[PDB]
Amino acid sequence: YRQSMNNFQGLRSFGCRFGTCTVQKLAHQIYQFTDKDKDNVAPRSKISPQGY
């Protein structure tokens, strides 16, 4: 089993200008807690961990 990794304003939420830890990889969640916009894609449609 696994759980959250962390939580804060934004201290360790960045390190590389581009790659696997940039505004692009971070914004992935920016629209996950609000989901204001959509582009024919969802976290459930892609993967299906079934709450693991």
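Neighbour counts run over all protein chains shown; Cβ positions are idealised from the backbone, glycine included. Values quoted throughout were computed directly from the atomic coordinates according to the rules given, and no laboratory measurement underlies them.
Here are the numbers:
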| read-out | value |
| --- | --- |
| Simple spin-label estimate for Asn7 and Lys36 in nanometres, 7 Å along Cα-Cβ | 2.2 nm |
| Sparsely packed trypsin sites (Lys or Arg not before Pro) within the chain, loop by DSSP, other Cβ within 10 Å at most 11 | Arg2, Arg12, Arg17, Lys36, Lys38 |
| Computed lengthening from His28 to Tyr52, 0.36 nm per intervening residue step minus Cα-Cα distance | 6.7 nm |
| Stokes-Einstein translational diffusion, the chain - Kirkwood Rh over all Cα pairs, 0.890 mPa s, 25 °C, in µm²/s | 187 µm²/s |
| At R0 = 35 Å, FRET efficiency that the Cβ-Cβ distance of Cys16 and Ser45 yields, to 0.05 | 0.80 |
